[PDB]
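Q: Quick one: this structure, given as structure tokens, is what I'll be asking you about.
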Protein chains: 2
Amino acid sequence: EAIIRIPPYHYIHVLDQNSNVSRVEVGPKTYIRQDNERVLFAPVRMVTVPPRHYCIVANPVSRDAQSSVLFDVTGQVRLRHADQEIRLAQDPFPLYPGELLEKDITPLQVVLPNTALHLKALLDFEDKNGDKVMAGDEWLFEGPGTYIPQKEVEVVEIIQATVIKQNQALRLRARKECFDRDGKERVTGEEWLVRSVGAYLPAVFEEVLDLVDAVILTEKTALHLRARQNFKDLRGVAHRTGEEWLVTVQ
Amino acid sequence: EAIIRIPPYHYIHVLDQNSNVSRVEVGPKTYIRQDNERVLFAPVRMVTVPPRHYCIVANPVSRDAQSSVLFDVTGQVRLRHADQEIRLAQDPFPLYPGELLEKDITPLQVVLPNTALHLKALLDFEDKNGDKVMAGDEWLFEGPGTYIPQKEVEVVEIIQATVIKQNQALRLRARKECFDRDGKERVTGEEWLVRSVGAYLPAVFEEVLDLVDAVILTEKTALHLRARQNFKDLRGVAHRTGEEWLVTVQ
């Protein structure tokens, strides 16, 4: 039918095959078609973003300073074919020609007060504070809050804060050379021990091992152990790479 | 038949295939149809919301400041394709075109005076008090009362208040790092003990374990126990990670 026939917050792409300038006809209206405004698709609803949600739209539209959707000399929509635009809660924005929906509408990303997101940047970019973000930096999203899902970052995994009970410690194994909470250089595979009571939130590098509990030392017993390598114990005694000594209640 | 023929609080969608501006014709009347007001469905009743009930309507209608159902330049109803509207007790509101009923009319949500709802937000939003609600926060609906079923929140489970009899205690296991009723940081898996007599309402994080009863200590007997880890008992005595001592009537 030559008459195209639109519901209210709907829009269709008219294929002006005198120019193929496919342009969104934001409804609603009894738009009339010559074969210079050829309709492409159906009156399907094309749902929008509910509050505090996000949708991933392929090939978004380039926007000027006033956030206006630009058109070129022939009237075709100015696109970002090789970009992405994270659309938060907003009106039923017209899907301009080229604008494809990669990910349909999805709920926002939530972290529990003691979980963390391994926020891996996939693409080099600059954060809002604007200091530096390398193409693949690792930074840990903190506890209670909500992250804004961006196109340049990827949530590889959710990191549950492993719990360090008293008389228990976490055998942390870094897989890259870096620092720790205390501040001494932690190298790859160097298993170190943190005794801070609580739910020690693992960093981007700490591979969590088993929770080692403190052995039980009454005056009836003494722990006979061998040092695997040079270090200084909690009491402040230098020990060699295999010297066997006793730790007691004293 | 060219005559459409409506009962009183009924309404039908007329498909103006000169514009397909499907618009609700709120009855009742002897509306007459050219093929520019094409009827879509039947005089089926389309029940409304009884008092203190709620219905979930897909694709609700956008409303202005005066809560008027808007129309666009061609007269098609202004919809919220990507939103929800919780309809409380109200009149037989016209189901405008696009407006679908996700959940049919259902009774309101009730909590017994000592049950609780694990109110999980599915979507990021702001509560009525307006401080902050992250996308997936956990807050416990309290006792005797009624919650308003919202689109942004989900009742995962009903939480029966587990009962702590005297000489009994609850072995609470948090699965996230957080605080407790007393106020000390409770980390994941750290089983702690609450001795407050009553029906201790479990929090959003407390996984309830078995109810441990107080052992029976007459002067005839003494409880010989070993401490699993460093702590301070109720009497205020530091105990090591395996020191075995006796607790008596004294």
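None of the figures in this text is laboratory data; all of them are computed from the coordinates on show. Heads up, the Cβs are rebuilt from the backbone with ideal geometry, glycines too, and the neighbour counts pull from every protein chain shown.
Q: State all residues of the range A:229-250 that are surrounded by 10 or more Cβ atoms within 10 Å (Cβ to Cβ) and in a loop (DSSP other than H, G, I, E, B); if no residue qualifies, say none.
A: A:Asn230, A:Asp233, A:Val237, A:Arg240, A:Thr241, A:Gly242, A:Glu243, A:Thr248, A:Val249
Q: Let me ask something else. Being free of Cβ contacts under 8 Å to residues at least 60 places away in the same chain, in contact with a strand residue (DSSP E or B) (Cβ under 6 Å, 6 or more places away or on another chain) and not aliphatic (A, V, I, L, M) is the filter here, so list the residues in the range B:200-223 that pass it.
A: B:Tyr200, B:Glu206, B:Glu207, B:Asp213
Q: Still on this structure: Does B:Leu70 fit the bill of being in contact with a strand residue (DSSP E or B) (Cβ under 8 Å, 6 or more places away or on another chain) and free of Cβ contacts under 8 Å to residues at least 12 places away in the same chain?
A: Working: in contact with a strand residue (DSSP E or B) (Cβ under 8 Å, 6 or more places away or on another chain): yes; free of Cβ contacts under 8 Å to residues at least 12 places away in the same chain: yes.
Yes; evaluated as a whole, the condition is true for this residue.
Q: Could you list all residues from the range A:1-25 that are closer than 20 Å to B:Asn20 by Cα, part of a loop (DSSP other than H, G, I, E, B) and either in contact (Cβ under 8 Å) with a residue 60 or more places away in the chain or not basic (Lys, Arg) (or both)?
A: A:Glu1, A:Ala2, A:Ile4, A:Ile6, A:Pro7, A:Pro8, A:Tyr9, A:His10
Q: Taking into account only those residues within the range B:227-244 that are under 20 Å from A:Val215 (Cα atoms) and among the small types (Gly, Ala, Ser), which is farthest from the other protein chains (Cβ to nearest Cβ)?
A: Step one: filter the range B:227-244 for residues under 20 Å from A:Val215 (Cα atoms), giving B:227-233, B:237-244.
Of the ones still in play, those that are also among the small types (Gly, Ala, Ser) are B:227, B:238, B:242.
On the way: B:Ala227: 8, B:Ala238: 12, B:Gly242: 2 Å.
Result: B:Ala238.
Q: Just the residues that are of a type in the set (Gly, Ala, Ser) and farther than 25 Å from B:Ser62 by Cα, please, taken from the range A:21-70.
A: A:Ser22, A:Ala58, A:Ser62, A:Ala65
Listed here are the residues, each with its yes/no results for (1) over 30 Å from B:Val247 (Cα atoms); (2) within 12 Å of chain A (Cβ to nearest Cβ); (3) aromatic (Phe, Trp, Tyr); (4) not in a strand (DSSP E or B).
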{"position": "B:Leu108", "(1), (2), (3), (4)": "yes, no, no, yes"}
{"position": "B:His118", "(1), (2), (3), (4)": "yes, no, no, no"}
{"position": "B:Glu142", "(1), (2), (3), (4)": "yes, no, no, yes"}
{"position": "B:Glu157", "(1), (2), (3), (4)": "yes, no, no, no"}
{"position": "B:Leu170", "(1), (2), (3), (4)": "no, no, no, no"}
{"position": "B:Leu209", "(1), (2), (3), (4)": "no, no, no, no"}
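Q: I'd like the residue in the range A:172-192 that is part of a loop (DSSP other than H, G, I, E, B) and among the small types (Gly, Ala, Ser) and, out of all such residues, is nearest to the other protein chains (Cβ to nearest Cβ).
A: In the first step, residues of the range A:172-192 are kept if they are part of a loop (DSSP other than H, G, I, E, B); the result is A:175-177, A:179-185, A:187-190.
Keeping just the survivors that are among the small types (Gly, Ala, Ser) gives A:183, A:189.
Details: A:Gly183: 22, A:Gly189: 26 Å.
Out of the qualifying residues, it is A:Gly183.
Q: Among the candidates B:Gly75, B:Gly98, which residue alone is among the small types (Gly, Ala, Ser), farther than 23 Å from A:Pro107 by Cα and within 14 Å of chain A (Cβ to nearest Cβ)? Give the derivation first.
A: On the way: B:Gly98 fails: farther than 23 Å from A:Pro107 by Cα.
None of the other options fit; the residue is B:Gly75.
Q: Which is of a type outside the set (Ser, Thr, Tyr), away from chain A (no Cβ under 14 Å) and more than 28 Å from B:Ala121 (Cα to Cα), of B:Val247, B:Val163? Can you show your working first?
A: Details: B:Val163 fails: more than 28 Å from B:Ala121 (Cα to Cα).
Only one candidate passes the filter, namely B:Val247.
Q: While we're on this one: Which of the residues that make up the range B:43-67 are farther than 21 Å from A:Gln90 by Cβ and without any contact (Cβ under 8 Å) to a residue 24 or more places away in the chain?
A: Those that are farther than 21 Å from A:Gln90 by Cβ and without any contact (Cβ under 8 Å) to a residue 24 or more places away in the chain: B:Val44, B:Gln66, B:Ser67.
Q: While we're here: Given (1) within 14 Å of chain B (Cβ to nearest Cβ); (2) crowded, with 16+ Cβ neighbours inside 10 Å, identify the lone condition not met by A:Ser196.
A: (2)
Q: Being away from chain B (no Cβ under 14 Å) and either among the polar types (S, T, N, Q) or over 34 Å from the mean Cα position of the chain (by Cα) (or both) narrows it down to one of A:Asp64, A:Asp16, A:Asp83, so name that one.
A: It is A:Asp16.
Q: Considering only residues of the range A:26-44 that are part of a strand (DSSP E or B) and within 11 Å of chain B (Cβ to nearest Cβ), which is farthest from B:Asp72 (Cα to Cα)? I'd like the intermediate steps shown before the answer.
A: As a first pass, look at the range A:26-44 and keep what is part of a strand (DSSP E or B): A:26, A:32, A:38-39.
Applying the additional criterion that residues be within 11 Å of chain B (Cβ to nearest Cβ) yields A:26, A:32.
Details: A:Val26: 10, A:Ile32: 17 Å.
So the residue we want is A:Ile32.
Q: Looking at B:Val110, is it free of Cβ contacts under 8 Å to residues at least 60 places away in the same chain and surrounded by 17 or more Cβ atoms within 10 Å (Cβ to Cβ)?
A: Numbers: free of Cβ contacts under 8 Å to residues at least 60 places away in the same chain: yes; surrounded by 17 or more Cβ atoms within 10 Å (Cβ to Cβ): no.
Considered against the rule, which asks whether it is free of Cβ contacts under 8 Å to residues at least 60 places away in the same chain and surrounded by 17 or more Cβ atoms within 10 Å (Cβ to Cβ), B:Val110 comes out as no.
Q: Which condition number does A:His224 fail, the rest of (1) more than 11 Å from chain B (Cβ to nearest Cβ); (2) within 28 Å of the chain's Cα centre (by Cα); (3) farther than 22 Å from B:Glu185 by Cα; (4) not charged (D, E, K, R) being met?
A: The single condition A:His224 does not satisfy is (2).
Q: Before we move on, is B:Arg228 touching a residue at least 12 places away in the same chain (Cβ under 8 Å) and touching a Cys at 6+ places or on another chain (Cβ under 8 Å)? First the steps, then the outcome.
A: Details: touching a residue at least 12 places away in the same chain (Cβ under 8 Å): yes; touching a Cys at 6+ places or on another chain (Cβ under 8 Å): no.
Judged against the criteria, B:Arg228 is not a match.
Q: Mind checking which residues of the range B:129-138 are within 14 Å of chain A (Cβ to nearest Cβ) and either closer than 23 Å to B:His53 by Cα or without any contact (Cβ under 8 Å) to a residue 60 or more places away in the chain (or both)? Write out each step before concluding.
A: Going through the range B:129-138, the residues within 14 Å of chain A (Cβ to nearest Cβ) turn out to be B:130-138.
Matches in the range B:129-138: B:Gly130, B:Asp131, B:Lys132, B:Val133, B:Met134, B:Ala135, B:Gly136, B:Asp137.
Q: Can you find a residue in the range B:146-154 that is more than 12 Å from chain A (Cβ to nearest Cβ) and of a type in the set (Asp, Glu)?
A: No, the range B:146-154 has no match at all.
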